[PDB]
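A.B. asks: First to last, the protein sequences are chains A and B.
FYI, in the UniProt record's numbering the residues of the first sequence are 2 to 17, 22 to 111.
FYI, in the UniProt record's numbering the residues of the second sequence are 1 to 15, 20 to 113.
Note that beta-carbon positions come from the ideal geometry of N, C-alpha and C, so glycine has one too.
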Amino acid sequence: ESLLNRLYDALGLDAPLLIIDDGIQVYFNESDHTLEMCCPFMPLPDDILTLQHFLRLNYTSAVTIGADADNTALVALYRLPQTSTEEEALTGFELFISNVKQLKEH
Amino acid sequence: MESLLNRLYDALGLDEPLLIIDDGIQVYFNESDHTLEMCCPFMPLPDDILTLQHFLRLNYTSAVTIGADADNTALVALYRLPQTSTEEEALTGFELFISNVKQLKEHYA
């Protein structure tokens, strides 16, 4: 029973990518013995100060900022080892969504 | 009860700010209420668009988080560990961190 499947059950979701009308797309990556949550929240900036700002945010945040391989957007990230329990996964998901909403504020 | 960071220091055979040098790798710690953060400043903070975007992309693929320190002086590799973790998880985490940063630095720094 994969951690991803574990999270879904914990969330009550019955999937046979998770999109929420909060204008949020969550992608899951289960490679490297871990569960990674990813959410592209805005286009990749070309401004030095803005880029440094997101790297600074990574110094103190549980939810970190990265850039997709396609180099088209900044993505909020959060990883957990597959060995994690369904309770830890659930908690991680809750924290992730809250931070993504925060990142989209202005 | 001794704090988790103090127990790590003991495990590292150590008896206040502090900088560790393990195999040429610099490691210092930051703390918050619920988290102990291991930090390795591995190179000066780049000031060009492309290198900065590159490190943001690396964040997506690298096992360890890459960020910039508070003074905007260095690019830093880091690992967050719950202040509720066991002494052993702290030590093992520290060792794995060093291992990850060593390779990160030699390939991207």
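According to DSSP, which residues form a beta bridge with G97 of chain A?
C.D. replies: By one-based count along the first sequence, residue 97 of chain A stands at place 92. Per DSSP, none; premise fails for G97 of chain A.
A.B. asks: Using only the alpha-carbon positions, how far apart do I70 of chain B and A113 of chain B sit?
C.D. replies: Your numbering for residue 70 of chain B matches position 66 in the second sequence. Your numbering for residue 113 of chain B matches position 109 in the second sequence. Spanning the two alpha carbons is a distance of roughly 12 Å.
A.B. asks: Taking contact to mean 3 or more Cβ pairs, one atom from each stretch, closer than 8 Å, check whether the segment 97 to 105 of chain A and the segment 85 to 105 of chain B are in contact.
C.D. replies: The segment 97 to 105 of chain A, when compared against the segment 85 to 105 of chain B, does not touch it at the 8 Å Cβ threshold.
A.B. asks: Does the structure place the segment 23 to 31 of chain A close enough to the segment 27 to 44 of chain B that three or more beta carbon pairs sit under 8 Å?
C.D. replies: no
A.B. asks: Are the C-beta atoms of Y64 of chain B and some chain A residue less than 8 Å apart?
C.D. replies: If you number the second sequence from 1, residue 64 of chain B lands on position 60. Yes, contact with chain A.
A.B. asks: Does the beta-carbon distance from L79 of chain B to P50 of chain B come in below 8 Å?
C.D. replies: Position 75 of the second sequence, counted from the start, is the residue given in the question as residue 79 of chain B. Position 46 of the second sequence, counted from the start, is the residue given in the question as residue 50 of chain B. In contact: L79 of chain B and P50 of chain B (Cβ atoms closer than 8 Å).
A.B. asks: Check whether chain B comes within 8 Å of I70 of chain A, counting only Cβ atoms and requiring the distance to be less than that.
C.D. replies: Here residue 70 of chain A refers to the residue found at position 65 of the first sequence. Answer yes: the Cβ-Cβ gap between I70 of chain A and chain B drops below 8 Å somewhere.
A.B. asks: Less than 8 Å between the beta carbons of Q30 of chain A and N76 of chain B, yes or no?
C.D. replies: As a working mapping, residue 30 of chain A is identified with position 25 in the first sequence. As a working mapping, residue 76 of chain B is identified with position 72 in the second sequence. No, Cβ-Cβ distance for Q30 of chain A and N76 of chain B is not below 8 Å.
A.B. asks: For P86 of chain B, which residues from the same chain have a beta carbon less than 8 Å from its beta carbon, with the 5 sequence-adjacent residues on both sides left out?
C.D. replies: Looking up residue 86 of chain B in the second sequence gives position 82. Once the five neighbours on either side are set aside, the close Cβ partners of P86 of chain B are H38, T39, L40.
A.B. asks: Any chance you could list the beta strand (DSSP E) runs of at least 3 consecutive residues sitting entirely within the segment 30 to 96 of chain A, in chain order?
C.D. replies: 39 to 48, 69 to 72, 78 to 86
A.B. asks: Closest by CA to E99 of chain A, which one among A:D73, A:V68, A:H111?
C.D. replies: If you number the first sequence from 1, residue 99 of chain A lands on position 94. The shortest C-alpha separation from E99 of chain A is found at A:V68.
A.B. asks: Can you give me, in chain order, the residues of the segment 78 to 100 of chain B that have a beta carbon less than 9 Å from any beta carbon in chain A?
C.D. replies: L79, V80, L82, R84
A.B. asks: If you measure from the beta carbon of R7 of chain A to each beta carbon in chain B, is any gap under 8 Å?
C.D. replies: Taking the first residue of the first sequence as position 1, residue 7 of chain A is located at position 6. No, no contact with chain B.
A.B. asks: From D15 of chain B to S3 of chain A, what distance separates their C-alpha atoms?
C.D. replies: Residue 15 of chain B sits at position 15 when you count from the first residue of the second sequence. Residue 3 of chain A sits at position 2 when you count from the first residue of the first sequence. The alpha-carbon atoms of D15 of chain B and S3 of chain A are separated by roughly 43 Å.
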